[PDB]
Amino acid sequence: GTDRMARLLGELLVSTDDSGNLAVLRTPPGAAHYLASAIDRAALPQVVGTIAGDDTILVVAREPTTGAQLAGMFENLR
Amino acid sequence: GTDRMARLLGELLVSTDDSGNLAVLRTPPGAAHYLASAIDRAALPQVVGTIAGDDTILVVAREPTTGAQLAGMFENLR
Amino acid sequence: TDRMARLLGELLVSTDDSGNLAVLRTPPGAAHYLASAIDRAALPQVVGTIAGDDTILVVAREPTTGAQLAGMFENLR
Amino acid sequence: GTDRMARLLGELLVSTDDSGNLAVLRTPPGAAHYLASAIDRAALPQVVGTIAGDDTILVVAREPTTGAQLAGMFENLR
Amino acid sequence: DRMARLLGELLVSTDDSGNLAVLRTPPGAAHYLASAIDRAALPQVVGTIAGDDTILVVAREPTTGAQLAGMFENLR
Amino acid sequence: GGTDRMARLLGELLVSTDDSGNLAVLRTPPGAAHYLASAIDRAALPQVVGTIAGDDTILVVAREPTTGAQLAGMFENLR
Ligand SMILES: NC(=[NH2+])NCCC[C@H](N)C(=O)O
Ligand SMILES: NC(=[NH2+])NCCC[C@H](N)C(=O)O
Ligand SMILES: NC(=[NH2+])NCCC[C@H](N)C(=O)O
Ligand SMILES: NC(=[NH2+])NCCC[C@H](N)C(=O)O
Ligand SMILES: NC(=[NH2+])NCCC[C@H](N)C(=O)O
Ligand SMILES: NC(=[NH2+])NCCC[C@H](N)C(=O)O
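Residues numbered from 1 in each chain as written, not as in the entry; some residues may be left out. Chains lettered and ligands numbered in written order. Heavy atoms only, no water.

X-ray crystallography is the method the PDB entry states for this structure, with the resolution given as 1.85 Å.

A.B. asks: Could you clarify how one ought to interpret the packing of helix α1 (residues 2-12) of chain B against helix α2 (residues 32-42) of chain B in this entry?
C.D. replies: Any two packed helices are characterised by the angle at which their axes cross and by the distance between the axes. Residues and elements named next belong to chain B. Interhelical geometry of α1 versus α2 gives an angle of 155 degrees and a closest axis separation of 8 Å. Comparing the axis directions of α1 and α2 gives the class roughly antiparallel. Crossing of α1 against α2: the hand is left-handed. On α2, the residues that touch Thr2, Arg4, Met5, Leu8, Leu9 and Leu12 of α1 are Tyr34, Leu35, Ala38, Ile39, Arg41 and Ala42. Residue composition of the contact of α1 with α2, by class: 9 nonpolar, 1 polar and 2 charged. (Axes fitted to C-alpha atoms, helices over the stretch in contact; angles between N-to-C directions. Helix = DSSP H or I, 4+ residues; strand = E, 2+ residues; numbered from the N terminus. Parallel < 35°, antiparallel > 145°, perpendicular 65-115°, else oblique. Left-handed = near helix turned anticlockwise from the far one by under 90°. Contact = heavy atoms within 4.5 Å. Nonpolar A, V, L, I, M, F, W, Y, C, P; charged D, E, K, R; others polar.)

A.B. asks: Whenever I open this one, the site of ligand 2 confuses me. Can you help?
C.D. replies: Close to ligand 2 lie 15 residues; A:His33, A:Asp40, B:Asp54, B:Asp55 and F:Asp55 are nearest. Bordering ligand 2 are residues originating from chains A, B and F. Taking B:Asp55, its side chain carries an N or O atom lying 2.9 Å from a nitrogen atom of ligand 2. Side-chain polar atom of F:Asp55 to a nitrogen atom of ligand 2: 2.8 Å apart, as the coordinates give it. (Near = heavy atom within 4 Å. Polar contact = N/O pair within 3.5 Å; in protein donor to acceptor, adjacent residues only side chain to side chain.)

A.B. asks: Help me understand the packing of aromatic side chains, please; the structure alone is not making it clear to me.
C.D. replies: Given two aromatic rings, one states the distance between the centres and the angle between the planes to describe the pair. Applying the stated criterion across every chain yields a total of 2 aromatic pairs over all chains. When the ring of B:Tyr34 is compared with that of D:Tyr34, the centres are 5.5 Å apart and the planes differ by 35 degrees; the resulting orientation is tilted. A residue pair is termed interchain when its members come from two chains, as with B:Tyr34 in helix α2 and D:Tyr34 in helix α2 (residues 32-42). (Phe/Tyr/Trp six-rings, centres within 6.5 Å; stacked < 30°, edge-to-face > 60°.)

A.B. asks: I'm lost on the arrangement of the chains in this one. Help?
C.D. replies: Considering only C-alpha positions, the minimal separation of the non-contacting chain B and chain E is 14 Å. Contact between chain C and chain F is absent, and the minimum C-alpha spacing across the pair is 14 Å.

A.B. asks: Would you take a moment to explain the site of ligand 5 for this structure?
C.D. replies: Neighbouring ligand 5 are 14 residues, the closest being A:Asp54, E:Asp52, F:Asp41, F:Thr51 and F:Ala53. With respect to ligand 5, the chains having nearby residues are chains A, E and F. One nitrogen or oxygen atom from the main chain of E:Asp52 is found 2.8 Å from an oxygen atom belonging to ligand 5. At 2.8 Å, a backbone N or O of F:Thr51 approaches a nitrogen atom of ligand 5. A total of 350 Å² of accessible area belongs to ligand 5 in isolation, and the protein chains cover 96% of it. When contributions to the shell around ligand 5 are tallied by element, the ones reaching two or more residues are α2 (33-43) and β3 (48-53) of chain F. Looking at the shell around ligand 5 element by element, the count peaks at 4 residues for α2(F). Residues that form the shell around ligand 5 fall into these classes: 4 nonpolar, 6 polar and 4 charged. (Areas by Shrake-Rupley, 256 points an atom, 1.4 Å probe, with all protein chains shown as cover.)

A.B. asks: Honestly, helix α1 (residues 2-12) of chain A in this entry has me stumped. Any pointers?
C.D. replies: In an α-helix, one turn spans 3.6 residues; hence positions three or four apart end up facing the same way. Taken residue by residue, α1(A) has A:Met5, A:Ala6, A:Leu8, A:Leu9 and A:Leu12 as its buried positions. Around the axis of α1(A), the buried residues are gathered within 165 degrees of arc, so they sit on the same side. At its buried positions, α1(A) is contacted by β2 (22-26), α2 (32-42) and α3 (67-77) of chain A together with α2 of chain F. (Buried < 20%, exposed > 50% of the residue type's maximum accessible area, 1.4 Å probe, protein only. Arc of directions from axis to C-beta.)

A.B. asks: Just to check I follow, could you spell out the sheet that holds strand β2 (residues 21-25) of chain C for this structure?
C.D. replies: All names here are of chain C. Pairing in this open sheet of 4 strands is antiparallel, and the strands run β1-β2-β4-β3 from one edge to the other. With partners counted over all chains shown, the strands left at the sheet margins are β1 (14-18) and β3 (46-51), one partner each. For this sheet, the mean inter-axis angle between neighbouring strands, taken without regard to orientation, is 20 degrees. Sheet topology note: the β2/strand β4 (residues 55-60) ladder contains 5 bridges and is antiparallel. Residue pairing in the sheet places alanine 22 in a bridge with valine 58 of β4. Strand contacts of helix α2 (residues 31-41): β2, β3 and β4, with the helix running at about 165 degrees to β3, the strand carrying the most contacts. Against the sheet, helix α3 (residues 66-76) touches β1, β2, β3 and β4, its axis set at about 165 degrees to β1. (Pairing = 2+ DSSP bridges.)

A.B. asks: Quick question: what am I supposed to make of the interface of chain F and chain D here?
C.D. replies: Taken residue by residue, the interface counts 16 residues in chain F and 14 residues in chain D. Taken together, the two surfaces of chain F and chain D that pack against each other cover about 970 Å², and 58% of this comes from carbon and sulfur. In this assembly, chain F and chain D are joined by 1 salt bridge. The interface formed by chain F and chain D holds 5 residue pairs in polar contact in total. Of all the elements in the fold, those that place two or more residues in the side of chain F that touches chain D are β1 (16-20), β2 (23-27), β3 and β4 (57-62) of chain F. Of the residues contributing to the side of chain F that touches chain D, the split by class is 6 nonpolar, 5 polar and 5 charged. (Buried area = accessible area lost by both parts, 1.4 Å probe. Salt bridge = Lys/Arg side-chain N within 4 Å of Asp/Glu carboxyl O.)

Structure follows, in structure tokens:
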């Protein structure tokens, strides 16, 4: 689950950033749903859920984890 | 649109959760847009807006209502 | 960017906000097109956008608020 | 499977039409993915695949079945 | 906003194959243009499906995709 | 590097290929359709008129006289 997700970060994670309770993941064009699917399937305790657009994913942090901490988590796994 | 929304929450709402000012609603795969449409049309006074992904809807709470209080309202129709 | 400004005039139905989020409404189907221009404008106080069908969430960079982003969009339009 | 999809048709199938090897299904706003997921999961031998837009689904007929025949089949299930 | 104004603003290219007109738009515009086409209620259009930058417009028999594509092209 | 990136992603993302008439129908894992279709689009194959992606399906529209079956066989064999 997490392993499959971490593999995909390599190719699919262009950058991370955050604001408040949100991690904002940028992907290549069109890749948001594919990387978001892998994140959802990993069912991280830190993650309430995700919404994918086209090249951006909003990852909603489960309190008290912050978006900045989630962003650092994804960066470390890349 | 409140009654139609309630019917659709009954049919399509798999789970609710929250973080900060956000209620996170899960649906079966592909049903997020149809349910989010029903929510938008209800024009709830404590809802700023919604975005639907594929199986997840972010519903933005209007202060002073929190994501948790919003999710609780939805959950009570699930 | 004024590609963004042109599309705000064309597509921005209304603005609203909550916490660190500006909520932009567009005609049905037009959210991705507006959001693209916003992304391309690369505003310092915008962390990113997610477009649905008729709604865009614009994530404000701390300590900018969603209300402030909303007013900026009204200003550029 | 087909049962499940068939019970959606009263609510989700606004109209059917065809051209060549294609059936064009119209749905309410946002329901295209919701109905198309159900069609995909029915795994009909006369359907090669589907693409959902927002209020339209393109259902691709498996030869020798024509779009018009597929359209009739959905109408007959409704 | 009307198809007849948006075709010029939103079309990158028109092309065709068989019963399909294939329209390309800038990134993210497919649904916005396709909405306009849907609302134009053209007798020779069975329906549209939009992805992100591409729309398939289904020609009503016996109209061909080339005939539809020509119409979209000429109104740009 | 357009065609090579496409060839890589076909192997990684194709679940199955099929066809009907002037269409190749490509199936991907859930959510991967746009990312695969992007690569196809960027490869700009002279026999592909365009593509449309849903969530887990892609239609690739063949340029006449190339058929859906010919494109599908080309895609299948790049896996
Ligand atoms: N080709 C596009 N749709 N571009 C716009 C993307 C808008 C927004 N960043 C999202 O991912 O939802
Ligand atoms: N089949 C898929 N698209 N799965 C991924 C969904 C990603 C995210 N939960 C969303 O709803 O937007
Ligand atoms: N035609 C529709 N898809 N309507 C529902 C829109 C739901 C939500 N406001 C969004 O923009 O994502
Ligand atoms: N609200 C909208 N997205 N409207 C445009 C729909 C375009 C096309 N009929 C489709 O379903 O793909
Ligand atoms: N940014 C993207 N989603 N790019 C891929 C577009 C794929 C296909 N041409 C469509 O419009 O459905
Ligand atoms: N999770 C989903 N959206 N499933 C439905 C997919 C519908 C259709 N096969 C498409 O790709 O457009």
